[PDB]
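Q: Here it is, the structure in full.
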Amino acid sequence: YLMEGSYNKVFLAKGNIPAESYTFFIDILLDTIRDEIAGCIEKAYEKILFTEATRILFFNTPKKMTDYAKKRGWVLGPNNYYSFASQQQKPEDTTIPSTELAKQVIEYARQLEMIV
Amino acid sequence: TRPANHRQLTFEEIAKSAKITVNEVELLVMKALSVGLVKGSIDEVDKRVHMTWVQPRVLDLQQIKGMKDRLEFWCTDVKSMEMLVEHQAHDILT
Amino acid sequence: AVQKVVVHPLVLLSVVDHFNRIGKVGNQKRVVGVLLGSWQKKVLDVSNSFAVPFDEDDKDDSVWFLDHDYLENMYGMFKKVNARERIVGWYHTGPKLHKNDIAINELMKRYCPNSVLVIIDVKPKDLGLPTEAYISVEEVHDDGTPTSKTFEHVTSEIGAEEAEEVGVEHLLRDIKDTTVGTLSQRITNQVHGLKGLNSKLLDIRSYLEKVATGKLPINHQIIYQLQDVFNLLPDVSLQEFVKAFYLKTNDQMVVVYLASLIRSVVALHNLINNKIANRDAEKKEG
């Protein structure tokens, strides 16, 4: 379930444990789930109101997200949350590729002329 | 004044600086190009004028110091690309 | 004028021999002579040269002697041996293009109306070609001086004749770029070209030292060309140019791929051709 995105089952299993409460570990998973869920939603999506993210996992209307938003981004606006991802300024460059490419071709020349 | 990177003089940005209306800057750019004094193209869709070569002028004693900087930042770049080939092509030499 | 000037190895050698023959003084002195050659389709060729006596005191560089009679008398000798070669210019070691070599050209302008002076160093320890060929061009202006007359450079390269090449290559027997393929190109044009570019760029930087300590009061024209040089720098590699490069750099890789694959197959068959040979020999033997 963790390997794929299926998480609604994880909380369903969180309430069904074979040995005992096992809460000494489920608390550990909380760190490995919420951090992942926030990261996924961090992509270049549009505004998401504080109504889906609030009542989604287990809680109705807590203050955790307020802290959650504070340590993450999600700039606060007119009930407007943004998640912008460009990854476009960095790409589209060959000067750095130029040095890598120059080494590459020289190796072709190196291993084409000199005797090994 | 504009760095070679931008050089995207908009129609409005030219009329304001020369005291012309927007619907007349077109005859100005052609006049400059006709004499042979600037080179570029005109794009009347986004209202932009490209410039590629402004005729050289005189630089008293400070823009010439800056010209020295652009050669230092360029000689050192060419220098690095020389030893890069010389070091990774040691076998292919002599 | 003349697009290019080709300098034969014999003339190059007869100038080194000239300097050592008279250079017993040791400290420093130029050596000046008269060049001979012929040109076709506006491309000069220099083949033979003879030494013309020439002396000049260092101070007040407006005094010098060149023997006209020696120039005329000897040329009668060279004309008899070979009529094709006729005076085309003059040469002098003169590593720095001494100032007085603008009225000397007028002295030689008589024998060759359009003469060229080729400066060829006798003591070269460098990377560039040791043959600069200049031609006289006239234009008077109000900036430099009332009397304006300056040299304009013509590209010069070292030529080769069928007879000379035989001796020149025999005389070396020292080093040759054997197997002239990807090995010589990566060294004969790529690395050497970068060396030259740096030196020429460094030369520009040295002149720009006038910004702080003025040597000449801003040549004006030199700045004009430098401004045009910068504008001509290739446009930043971030726009559609990058896609164009990849669509062509990679296109060249396919041919390299195909060539390599064909190379492997031929190499594999070659090993099979040889390997079956010794197996057959060994099997019959034992």
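By order of appearance in the structure tokens: chains A, B, ..., then residues from 1 within every chain, and ligands from 1 in the order shown.
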Compile the residues of chain B that lie within 10 Å of chain C, evaluated using only C-alpha atoms, and express the compilation as a tab-separated table (two decimals) with N, CA, C and O atoms, in the first residue's frame.
A:
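Everything below was put into iface28.tsv:
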```
chain	number	residue	atom	x	y	z
B	4	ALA	N	22.64	43.40	-24.39
B	4	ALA	CA	22.35	42.65	-25.61
B	4	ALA	C	21.33	41.55	-25.38
B	4	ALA	O	20.68	41.11	-26.33
B	5	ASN	N	21.17	41.09	-24.14
B	5	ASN	CA	20.26	39.99	-23.87
B	5	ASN	C	18.81	40.39	-24.12
B	5	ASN	O	18.08	39.69	-24.82
B	52	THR	N	19.71	44.54	-33.34
B	52	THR	CA	20.84	43.63	-33.33
B	52	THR	C	22.19	44.31	-33.47
B	52	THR	O	23.20	43.70	-33.10
B	53	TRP	N	22.25	45.54	-33.97
B	53	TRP	CA	23.54	46.20	-34.16
B	53	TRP	C	23.30	47.70	-34.16
B	53	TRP	O	22.74	48.24	-35.12
B	54	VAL	N	23.71	48.36	-33.09
B	54	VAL	CA	23.69	49.82	-33.00
B	54	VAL	C	25.08	50.33	-33.34
B	54	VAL	O	26.08	49.81	-32.83
B	55	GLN	N	25.14	51.34	-34.19
B	55	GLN	CA	26.42	51.80	-34.70
B	55	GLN	C	27.34	52.17	-33.54
B	55	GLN	O	26.90	52.84	-32.60
B	56	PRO	N	28.61	51.77	-33.58
B	56	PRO	CA	29.51	52.08	-32.46
B	56	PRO	C	29.69	53.57	-32.29
B	56	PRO	O	29.63	54.34	-33.26
B	57	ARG	N	29.92	53.99	-31.05
B	57	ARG	CA	30.17	55.38	-30.73
B	57	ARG	C	31.40	55.46	-29.83
B	57	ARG	O	32.11	54.47	-29.64
B	58	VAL	N	31.65	56.64	-29.29
B	58	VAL	CA	32.84	56.86	-28.49
B	58	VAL	C	32.54	56.60	-27.02
B	58	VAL	O	31.46	56.92	-26.51
B	59	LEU	N	33.52	56.03	-26.33
B	59	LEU	CA	33.45	55.75	-24.90
B	59	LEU	C	34.65	56.40	-24.24
B	59	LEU	O	35.79	56.03	-24.54
B	60	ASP	N	34.41	57.38	-23.37
B	60	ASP	CA	35.48	58.28	-22.97
B	60	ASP	C	36.62	57.58	-22.25
B	60	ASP	O	37.70	57.40	-22.82
B	61	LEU	N	36.41	57.19	-20.99
B	61	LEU	CA	37.44	56.45	-20.28
B	61	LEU	C	36.91	55.44	-19.28
B	61	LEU	O	37.71	54.79	-18.61
B	62	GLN	N	35.60	55.29	-19.13
B	62	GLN	CA	35.03	54.39	-18.14
B	62	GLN	C	34.35	53.18	-18.75
B	62	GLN	O	34.53	52.07	-18.26
B	63	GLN	N	33.58	53.38	-19.82
B	63	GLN	CA	33.05	52.25	-20.56
B	63	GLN	C	34.16	51.45	-21.22
B	63	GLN	O	33.93	50.31	-21.63
B	64	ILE	N	35.36	52.02	-21.31
B	64	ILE	CA	36.50	51.27	-21.83
B	64	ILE	C	37.10	50.39	-20.74
B	64	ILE	O	37.59	49.29	-21.02
B	65	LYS	N	37.09	50.87	-19.50
B	65	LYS	CA	37.49	50.01	-18.38
B	65	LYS	C	36.55	48.82	-18.27
B	65	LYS	O	36.99	47.68	-18.08
B	66	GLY	N	35.24	49.06	-18.40
B	66	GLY	CA	34.30	47.96	-18.41
B	66	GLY	C	34.55	47.00	-19.55
B	66	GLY	O	34.33	45.79	-19.42
B	67	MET	N	35.01	47.51	-20.69
B	67	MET	CA	35.38	46.64	-21.80
B	67	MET	C	36.53	45.72	-21.41
B	67	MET	O	36.59	44.58	-21.87
B	68	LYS	N	37.45	46.21	-20.58
B	68	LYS	CA	38.52	45.36	-20.07
B	68	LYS	C	37.95	44.20	-19.26
B	68	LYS	O	38.43	43.07	-19.36
B	69	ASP	N	36.93	44.48	-18.45
B	69	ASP	CA	36.33	43.42	-17.65
B	69	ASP	C	35.79	42.30	-18.53
B	69	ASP	O	36.00	41.12	-18.26
B	70	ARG	N	35.08	42.66	-19.61
B	70	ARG	CA	34.50	41.65	-20.47
B	70	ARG	C	35.54	40.81	-21.19
B	70	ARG	O	35.23	39.70	-21.62
B	71	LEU	N	36.77	41.32	-21.32
B	71	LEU	CA	37.84	40.51	-21.87
B	71	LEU	C	38.49	39.61	-20.82
B	71	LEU	O	38.87	38.48	-21.14
B	72	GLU	N	38.61	40.09	-19.59
B	72	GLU	CA	39.11	39.25	-18.51
B	72	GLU	C	38.16	38.09	-18.23
B	72	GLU	O	38.61	36.95	-18.05
B	74	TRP	N	36.38	36.75	-20.33
B	74	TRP	CA	36.34	35.95	-21.54
B	74	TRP	C	37.65	35.24	-21.82
B	74	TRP	O	37.64	34.09	-22.27
B	75	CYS	N	38.78	35.90	-21.56
B	75	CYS	CA	40.06	35.22	-21.70
B	75	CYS	C	40.18	34.07	-20.71
B	75	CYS	O	40.68	32.99	-21.05
B	76	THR	N	39.72	34.28	-19.47
B	76	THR	CA	39.75	33.21	-18.48
B	76	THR	C	38.83	32.06	-18.84
B	76	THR	O	39.13	30.91	-18.49
B	77	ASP	N	37.72	32.33	-19.51
B	77	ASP	CA	36.83	31.25	-19.95
B	77	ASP	C	37.46	30.45	-21.07
B	77	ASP	O	37.39	29.22	-21.08
B	78	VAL	N	38.08	31.13	-22.04
B	78	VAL	CA	38.76	30.42	-23.12
B	78	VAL	C	39.97	29.67	-22.58
B	78	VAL	O	40.29	28.58	-23.06
B	79	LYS	N	40.65	30.23	-21.58
B	79	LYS	CA	41.79	29.55	-20.98
B	79	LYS	C	41.38	28.20	-20.42
B	79	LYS	O	42.03	27.18	-20.67
B	81	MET	N	38.86	26.26	-21.18
B	81	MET	CA	38.51	25.29	-22.21
B	81	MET	C	39.72	24.81	-22.99
B	81	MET	O	39.60	23.85	-23.76
B	82	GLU	N	40.87	25.46	-22.83
B	82	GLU	CA	42.07	24.97	-23.49
B	82	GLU	C	42.68	23.80	-22.74
B	82	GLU	O	42.92	22.74	-23.32
B	83	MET	N	42.94	23.98	-21.44
B	83	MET	CA	43.51	22.89	-20.65
B	83	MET	C	42.55	21.72	-20.51
B	83	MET	O	43.01	20.59	-20.31
B	84	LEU	N	41.25	21.96	-20.62
B	84	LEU	CA	40.30	20.85	-20.55
B	84	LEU	C	40.54	19.86	-21.68
B	84	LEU	O	40.59	18.65	-21.46
B	85	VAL	N	40.70	20.36	-22.90
B	85	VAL	CA	41.02	19.49	-24.02
B	85	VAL	C	42.42	18.93	-23.88
B	85	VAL	O	42.67	17.74	-24.14
B	86	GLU	N	43.37	19.76	-23.46
B	86	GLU	CA	44.76	19.32	-23.37
B	86	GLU	C	44.94	18.24	-22.32
B	86	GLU	O	45.81	17.37	-22.46
B	89	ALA	N	42.90	14.93	-23.44
B	89	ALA	CA	43.38	14.44	-24.73
B	89	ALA	C	44.89	14.31	-24.73
B	89	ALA	O	45.55	14.56	-25.74
B	91	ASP	N	46.79	11.67	-24.61
B	91	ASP	CA	47.25	10.64	-25.54
B	91	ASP	C	47.26	11.16	-26.97
B	91	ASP	O	48.21	10.92	-27.72
B	92	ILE	N	46.21	11.87	-27.37
B	92	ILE	CA	46.11	12.43	-28.72
B	92	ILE	C	46.73	13.83	-28.65
B	92	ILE	O	46.06	14.82	-28.37
B	93	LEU	N	48.03	13.90	-28.92
B	93	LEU	CA	48.76	15.16	-28.93
B	93	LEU	C	50.13	14.90	-29.54
B	93	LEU	O	50.45	13.78	-29.94
B	94	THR	N	50.93	15.96	-29.62
B	94	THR	CA	52.29	15.86	-30.14
B	94	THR	C	52.30	15.51	-31.62
B	94	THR	O	53.00	16.13	-32.42
```
Q: What are the closest atom pairs, with distances in Å to one decimal, for all residues of chain A lying within 8 Å of chain C? Consider only C-alpha atoms, order rows by chain and residue number, and present the result as JSON lines.
A:
```
{"residue": "A:92", "atom": "CA", "partner": "C:238", "partner_atom": "CA", "distance": 5.8}
{"residue": "A:93", "atom": "CA", "partner": "C:238", "partner_atom": "CA", "distance": 5.5}
{"residue": "A:94", "atom": "CA", "partner": "C:242", "partner_atom": "CA", "distance": 6.7}
{"residue": "A:95", "atom": "CA", "partner": "C:237", "partner_atom": "CA", "distance": 7.2}
{"residue": "A:109", "atom": "CA", "partner": "C:182", "partner_atom": "CA", "distance": 6.7}
{"residue": "A:113", "atom": "CA", "partner": "C:183", "partner_atom": "CA", "distance": 7.0}
```
Q: Between A:3, A:106, A:116, A:31, which one has atoms that come closest to chain B, using only C-alpha atoms?
A: A:106
Q: Counting only C-alpha atoms, which residues from chain A have an atom at most 7 Å from any atom of chain B, and could you show them as a list in words?
A: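 In the required form, that comes to residues 103, 106, 110 and 114 of chain A.
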Q: Considering only strand (DSSP E or B) as DSSP defines it on the backbone, what residues of region 27-191 of chain C qualify? List them as number ranges by chain.
A: C: 32-40, 43-51, 54-55, 65-66, 86-92, 116-119, 132-138, 149-158
Q: Please provide as JSON, numbers by chain all residues within 9 Å of region 135-138 of chain C, with the sequence filter that same-chain residues fewer than 4 positions apart are discarded (counting only C-alpha atoms).
A: {"C": [1, 2, 102, 105, 114, 115, 116, 117, 118, 148, 149, 150, 151, 152, 153, 154]}
Q: Rounded to one decimal, what separation in Å do you get between CA of residue 127 (chain C) and CA of residue 203 (chain C)?
A: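 That distance, rounded to one decimal, is 13.9 Å.
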Q: Which value, in Å to one decimal, gives the distance between CA of residue 14 (chain C) and CA of residue 158 (chain C)?
A: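 We find that CA of residue 14 (chain C) and CA of residue 158 (chain C) lie 14.1 Å from each other.
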Q: Which residues are close to residue 83 (chain A), i.e. within 8 Å by only C-alpha atoms, leaving aside same-chain residues fewer than 2 positions away? Reply as a list in words.
A: residues 41, 42, 43, 44, 45, 46, 47, 74, 81 and 85 of chain A
Q: Take the residues from that selection and write them out as an mmCIF file, in the first residue's frame, keeping N, CA and C atoms.
A:
```cif
data_model
loop_
_atom_site.group_PDB
_atom_site.id
_atom_site.type_symbol
_atom_site.label_atom_id
_atom_site.label_comp_id
_atom_site.auth_asym_id
_atom_site.auth_seq_id
_atom_site.Cartn_x
_atom_site.Cartn_y
_atom_site.Cartn_z
ATOM 1 N N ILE A 41 1.301 16.599 -3.240
ATOM 2 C CA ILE A 41 0.436 17.727 -3.555
ATOM 3 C C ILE A 41 1.216 18.984 -3.900
ATOM 4 N N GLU A 42 2.534 18.975 -3.701
ATOM 5 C CA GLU A 42 3.352 20.159 -3.927
ATOM 6 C C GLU A 42 3.517 20.495 -5.402
ATOM 7 N N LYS A 43 3.042 19.642 -6.305
ATOM 8 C CA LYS A 43 3.262 19.844 -7.728
ATOM 9 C C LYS A 43 2.545 21.105 -8.202
ATOM 10 N N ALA A 44 2.657 21.374 -9.503
ATOM 11 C CA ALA A 44 2.029 22.550 -10.088
ATOM 12 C C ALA A 44 0.528 22.349 -10.245
ATOM 13 N N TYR A 45 -0.180 22.225 -9.128
ATOM 14 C CA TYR A 45 -1.633 22.175 -9.128
ATOM 15 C C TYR A 45 -2.181 23.572 -8.873
ATOM 16 N N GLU A 46 -3.501 23.680 -8.906
ATOM 17 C CA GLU A 46 -4.157 24.951 -8.652
ATOM 18 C C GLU A 46 -4.632 25.002 -7.202
ATOM 19 N N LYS A 47 -5.417 26.026 -6.879
ATOM 20 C CA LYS A 47 -5.836 26.250 -5.504
ATOM 21 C C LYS A 47 -6.643 25.073 -4.975
ATOM 22 N N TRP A 74 2.547 26.783 0.888
ATOM 23 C CA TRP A 74 1.111 27.031 0.795
ATOM 24 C C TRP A 74 0.775 28.425 1.324
ATOM 25 N N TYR A 81 -4.932 28.773 -1.933
ATOM 26 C CA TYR A 81 -3.644 28.114 -1.784
ATOM 27 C C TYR A 81 -3.064 27.816 -3.157
ATOM 28 N N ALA A 85 5.002 25.143 -9.784
ATOM 29 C CA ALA A 85 6.224 24.422 -10.122
ATOM 30 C C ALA A 85 6.541 24.684 -11.584
#
```
Q: Mind listing the helix (DSSP H, G or I) residues of chain A, per DSSP on the backbone, as a PyMOL selection string?
A: chain A and resi 8-14+23-41+64-71+95-113
Q: What is the distance between CA of residue 60 (chain A) and CA of residue 37 (chain A), in Å to one decimal?
A: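 Separating CA of residue 60 (chain A) from CA of residue 37 (chain A) is a distance of 17.6 Å.
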Q: Find, counting only C-alpha atoms, the residue in A:97, A:33, A:71, A:19 that gets nearest to residue 1 (chain A).
A: A:33
Q: For residue 36 (chain C), find every residue with an atom within 7 Å (counting only C-alpha atoms), except residues of its own chain fewer than 2 positions away, and show them as a ChimeraX atom specification.
A: /C:34,46-49,85-89
Q: Can those selected residues be exported to a file as a PDB file, in the first residue's frame so that it contains N, CA, C and O atoms?
A:
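Saved as selection_35.pdb:
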```pdb
ATOM      1  N   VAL C  34      65.621  42.530 -50.290  1.00  0.00           N
ATOM      2  CA  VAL C  34      64.671  42.731 -51.376  1.00  0.00           C
ATOM      3  C   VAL C  34      64.089  41.386 -51.777  1.00  0.00           C
ATOM      4  O   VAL C  34      64.830  40.432 -52.034  1.00  0.00           O
ATOM      5  N   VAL C  46      56.264  34.443 -53.290  1.00  0.00           N
ATOM      6  CA  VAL C  46      57.633  34.899 -53.089  1.00  0.00           C
ATOM      7  C   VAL C  46      58.540  33.679 -53.054  1.00  0.00           C
ATOM      8  O   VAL C  46      58.326  32.764 -52.250  1.00  0.00           O
ATOM      9  N   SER C  47      59.548  33.664 -53.916  1.00  0.00           N
ATOM     10  CA  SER C  47      60.405  32.496 -54.062  1.00  0.00           C
ATOM     11  C   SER C  47      61.859  32.751 -53.707  1.00  0.00           C
ATOM     12  O   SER C  47      62.467  31.932 -53.016  1.00  0.00           O
ATOM     13  N   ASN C  48      62.437  33.858 -54.157  1.00  0.00           N
ATOM     14  CA  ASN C  48      63.851  34.130 -53.954  1.00  0.00           C
ATOM     15  C   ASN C  48      64.024  35.486 -53.291  1.00  0.00           C
ATOM     16  O   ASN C  48      63.185  36.378 -53.438  1.00  0.00           O
ATOM     17  N   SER C  49      65.120  35.632 -52.553  1.00  0.00           N
ATOM     18  CA  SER C  49      65.429  36.894 -51.902  1.00  0.00           C
ATOM     19  C   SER C  49      66.937  37.051 -51.827  1.00  0.00           C
ATOM     20  O   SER C  49      67.666  36.071 -51.660  1.00  0.00           O
ATOM     21  N   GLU C  85      60.973  35.531 -62.275  1.00  0.00           N
ATOM     22  CA  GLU C  85      60.940  36.211 -60.989  1.00  0.00           C
ATOM     23  C   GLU C  85      61.291  37.683 -61.156  1.00  0.00           C
ATOM     24  O   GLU C  85      62.347  38.021 -61.698  1.00  0.00           O
ATOM     25  N   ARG C  86      60.409  38.562 -60.683  1.00  0.00           N
ATOM     26  CA  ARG C  86      60.667  39.993 -60.716  1.00  0.00           C
ATOM     27  C   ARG C  86      60.334  40.587 -59.356  1.00  0.00           C
ATOM     28  O   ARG C  86      59.504  40.060 -58.613  1.00  0.00           O
ATOM     29  N   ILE C  87      60.999  41.698 -59.040  1.00  0.00           N
ATOM     30  CA  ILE C  87      60.883  42.292 -57.716  1.00  0.00           C
ATOM     31  C   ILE C  87      59.417  42.481 -57.369  1.00  0.00           C
ATOM     32  O   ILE C  87      58.619  42.944 -58.193  1.00  0.00           O
ATOM     33  N   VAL C  88      59.050  42.116 -56.142  1.00  0.00           N
ATOM     34  CA  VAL C  88      57.659  42.186 -55.719  1.00  0.00           C
ATOM     35  C   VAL C  88      57.542  42.872 -54.366  1.00  0.00           C
ATOM     36  O   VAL C  88      56.443  43.253 -53.949  1.00  0.00           O
ATOM     37  N   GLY C  89      58.660  43.031 -53.668  1.00  0.00           N
ATOM     38  CA  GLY C  89      58.609  43.668 -52.360  1.00  0.00           C
ATOM     39  C   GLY C  89      59.921  43.538 -51.618  1.00  0.00           C
ATOM     40  O   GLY C  89      60.972  43.303 -52.222  1.00  0.00           O
TER      41      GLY C  89
END
```
Q: Quick one: residues within 9 Å of residue 51 (chain C), only C-alpha atoms counted, chain neighbours fewer than 5 positions away excluded, as a PyMOL selection string?
A: chain C and resi 14-15+18+31-35+71
Q: I'd like the contact shell of region 39-44 of chain B - 10 Å cut-off, only C-alpha atoms, skipping same-chain residues fewer than 2 positions apart - returned as a PyMOL selection string.
A: chain B and resi 9-11+26+29-30+32-37+46-55
